[PDB]
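Given as structure tokens, the chain that follows is alone and in the form deposited without this ligand.
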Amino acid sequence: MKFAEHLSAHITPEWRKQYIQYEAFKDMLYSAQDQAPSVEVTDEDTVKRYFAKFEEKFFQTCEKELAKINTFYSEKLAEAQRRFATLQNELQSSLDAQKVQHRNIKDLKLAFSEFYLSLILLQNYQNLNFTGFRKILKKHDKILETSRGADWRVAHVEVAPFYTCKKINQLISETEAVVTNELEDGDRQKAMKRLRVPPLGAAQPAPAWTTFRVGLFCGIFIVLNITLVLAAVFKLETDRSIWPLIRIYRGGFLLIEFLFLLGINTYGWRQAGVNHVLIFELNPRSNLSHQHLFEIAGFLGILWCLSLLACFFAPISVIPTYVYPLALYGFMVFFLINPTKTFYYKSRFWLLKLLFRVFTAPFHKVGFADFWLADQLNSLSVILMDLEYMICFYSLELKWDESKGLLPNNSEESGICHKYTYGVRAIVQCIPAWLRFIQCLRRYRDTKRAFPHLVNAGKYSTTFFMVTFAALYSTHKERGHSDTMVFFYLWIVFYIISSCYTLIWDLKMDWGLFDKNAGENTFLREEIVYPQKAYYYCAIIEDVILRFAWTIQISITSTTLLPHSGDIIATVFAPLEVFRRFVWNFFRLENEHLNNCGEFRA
């Protein structure tokens, strides 16, 4: 409870195998103590021999661990020295050539800032390794009631190069001096702010106010949800088409669920050790933990619930009901594009910059963050459809001259908005598929490698064909023309091939599972990061079920049952799709952390 969790939390995720392995030492010590022959029943020679053998084994494995630590530290120090030499030569050449430039200076600053992080991590590694060598030896001395542990510590631990080397501190001082004198023209305070690192990993507690705000937004959200359910059961005039209301408000709920599940994903990545900071190319000093995502999700969900309640209750009769969704979505879009440096300025503007590069894909280099956001869009494709439906409902169908808005009279109300219109919903349902397809094409063009990339481009071509044939079949269905059966069967077969193509790809390369090097972990990867093995199997089963999702509905649709059956299926499968994306992110990030899965770093 003191040093086991301290080591498990302050460890560097990429260097886990290079630490002291405190837990194994503790378990071995406890097992050896518990397996003593007898206090008095057996001879004193027997127990002395047992203790001597255990002492020899403990010192042998301790020597092995110390040698491993020494070799790792020496290799890391050599790498740091080489990197410092190359970076200093680059700076010397650039400064002489100086006599655009701002971009070069900023890149040099970033390179210096990242090099300082490596030195800090190495220093932390040294400090953590000595602390564990003093604790485990102390525990050995106490458990066996001996003093040879302290003698071994004095003899070996404070002789190895991993403890007597001071070049890391000298390197840090030289780096700080170089940054202060060459990059900032004095002003050590500004240089130190850029270079200094906070406690990283799971070692940083979230501020109390952020957790309090998360709790406050969660409780208000729960109470508002209960009130919304009660109002739906009791209020509402029954004979009004509520379908536009929850079709418009479906996108907000999907966004709220996505943000909550993304916060859970961030928490899981932080705890399991799979670092999303390096994969997403974020600065390790300042990051968004799960608490910030939870707070954002809670605030936006509170706004969504308030707008829905205002729609149900209509507190003020001078304002028509349809203003509330407009106000809610205007606030949602104004929060994102807030020009002031308030309310998560850096995160929101990084997101906006990424959205600019994800919506103009072929003209930008494809990193992980922009690839990661066009894969997340595929699951939030109902949000775009909801936005288009809201725009077409307000601009074409809504009767602005009459007080009641989104809830009109039930009889014969059908308008283009709820149909494949003239094909608008089809292209708005592939837009994310188009973005991913063109991103894959750009990656293939830039790299030249067409396996990871010519493949994974037809995965979204299957979505293209799926949506196109669904649109054709539906359009032939409403007008009553013939040849619908052929289009129905083409829709069926293309959904089959699309689900099989992205299901095999999901488990083979995106997740890394089903590899010939499974070993003990049957049907799993050679090395797993998440603690329990049951998570992977349940995730595989759920992904199989949740990806083949059209099956459950078609049956419902085939029965139809006489209600608006399709709308009940897509308002009960969209959250399932978001949950599937949330569970897919975990293993995508884990595979990328373990074995560069998409080749986004070299």
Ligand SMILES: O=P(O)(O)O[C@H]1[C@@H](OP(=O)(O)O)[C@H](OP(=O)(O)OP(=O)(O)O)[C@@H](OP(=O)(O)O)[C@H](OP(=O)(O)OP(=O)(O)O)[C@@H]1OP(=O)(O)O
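Rigid core here is just the name for the largest C-alpha set that superposes within 1.5 Å across the two forms. From 1 onward, residues are counted along the sequence shown.
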Task: Cross-entry absence of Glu412, a third or more of other PDB entries - done: yes
Open item on the list: How big is the unmodelled gap, if any, between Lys99 and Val100 relative to the deposited sequence? Choose none, 1 to 3, 4 to 9, or 10 or more.
Closed with: 10 or more
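The protein also exists as the form deposited with this ligand bound; that form is not presented, and the subsequent description refers to it.
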Open item on the list: Going by heavy atom distances of 4.5 angstroms or less, which of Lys477, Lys167, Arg194, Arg148 would be at the interface with this ligand in the entry with it bound?
Closed with: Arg194
Task: Candidate from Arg82, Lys106, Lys448, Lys365 lying within 4.5 Å of this ligand in the entry with it bound - any heavy atom - done: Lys106
Task: Contact stretch among 186 to 194, 154 to 162, 518 to 526, 73 to 81 - heavy atom within 4.5 Å of this ligand in the entry with it bound - done: 186 to 194
TODO: Consider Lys26 of the chain shown here, and say whether it contacts this ligand in the entry with it bound, taking contact as heavy atoms within 4.5 Å.
DONE: yes
- [ ] Mark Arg436 yes when one of its heavy atoms lies within 4.5 Å of a heavy atom of this ligand in the entry with it bound, and no otherwise.
- [x] no
Task: Contact label in the entry with it bound: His418 to this ligand, heavy atom within 4.5 Å - done: no
Open item on the list: When the contact criterion is heavy atoms within 4.5 Å, does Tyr19 count as touching this ligand in the entry with it bound?
Closed with: no
Task: Sequence-ordered residues of 461 to 487 touching this ligand in the entry with it bound, heavy atom within 4.5 Å - done: none
Open item on the list: Against the rigid core, a Cα displacement of 2 Å or more between this form and the one not shown applies to just one of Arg213, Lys508, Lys346, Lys477. Which?
Closed with: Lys477
Open item on the list: At a 2 Å cut-off on C-alpha positions, does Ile552 qualify as shifted between this form and the one not shown after fitting the rigid core?
Closed with: yes
Open item on the list: Does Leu562 move appreciably between this form and the one not shown, meaning a CA displacement of 2 Å or more on the superposed rigid core?
Closed with: yes
- [ ] Work out whether the Cα atoms of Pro563 and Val229 come closer together or move farther apart in the entry with it bound than they are in this form, the change being 3 angstroms or more.
- [x] farther
Task: Pairwise C-alpha change, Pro563 versus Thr227, in the entry with it bound against this form - closer or farther, 3 angstroms or more - done: farther
